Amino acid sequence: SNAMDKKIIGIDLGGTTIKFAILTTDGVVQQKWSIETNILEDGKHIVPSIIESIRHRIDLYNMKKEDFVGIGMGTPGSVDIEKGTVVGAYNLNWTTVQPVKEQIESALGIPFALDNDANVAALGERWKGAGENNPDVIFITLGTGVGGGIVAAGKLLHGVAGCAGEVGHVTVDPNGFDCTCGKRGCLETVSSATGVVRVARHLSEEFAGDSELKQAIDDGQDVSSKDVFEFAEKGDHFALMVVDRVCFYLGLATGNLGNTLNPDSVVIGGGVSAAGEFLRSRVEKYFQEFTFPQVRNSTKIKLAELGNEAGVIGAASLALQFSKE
């Protein structure tokens, strides 16, 4: 049927790779593709590369432009939704406000929406993943950095400056490690790929025994969070001390999100989450310590179900605001 010919495009713009998908309006992925993110020359090539990659795909496959209901994009930094504008994407070399919506919509002639990259991932997990289309879902992504998205009373939250959802920068330890954001004791300092290592680098001195994990940490290895958790599951007394510390802080931060927002679920995604049930459990355990009874007995600690496709899926969902009603 003619409804089944409609398509939406999602863009997942990351510091290293830009991923695209074409999906049905029900959010089933029809095609995926990617390119490198060119950050050279103050990142002026990024938006043209995205425009070019979409023009070429449409042309390559002789696609019908009017099948497309619209394009949704997730981007690093903070987004003014009304403006279609991106500020704070320093990792991209955008030091100045970027009129991304204007450029793409203009170039492509198909309606465009954009949002922050974890925000859009949050929408993806709500729509097709662990969020289960609940009106109240918090997404937290642990990878290179710590990011998040909040859907509350059915809507994605942005706040006054587009910074709602920034849970990586919740202070879990007023006396903790220096964060790049410019304060100390952010969740991100203790829970990103790099934060877990840092927590392990500093607990090492509190462990008089030896273990395969302690040896590699002490040697200067940047062991993945996955490997750290795997040593823990496998019984490594040092890995178990590090995981314990890490999930304490994730439990405090997610707990206080539960206490304030009471979402149906907090969904944990990103690379670390491959660690699976062993991580979900330890997070849930400290979440339980830190939450009041009504929140304990209602808000659930979940793992992401979509892996790295949540971005393109969530981004795509922003395009649905353009459907003919």
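Residue numbers here begin at 1 and follow the sequence given.
- When the C-alpha B-factors of 272-280 and 49-57 are averaged, 272-280 comes out higher.
- Checked against the record, the higher mean CA B factor of 88-96 and 130-138 lies with 88-96.
- The entry assigns its greatest Cα B factor, within the set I81, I71, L252, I150, to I81.
- Split the chain's modelled residues into thirds by C-alpha temperature factor. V170 is in the lowest one.
- Annotation for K300: C-alpha temperature factor in the middle third relative to the rest of the modelled chain, per the entry.
- Sorting the modelled residues of the chain by their CA temperature factor places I35 in the middle third.
- Compared with the other modelled residues of the chain, the Cα B-factor recorded for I8 ranks in the lowest third.
- Placement of the Cα temperature factor of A118 within the chain: middle third of the modelled residues, per the deposited record.
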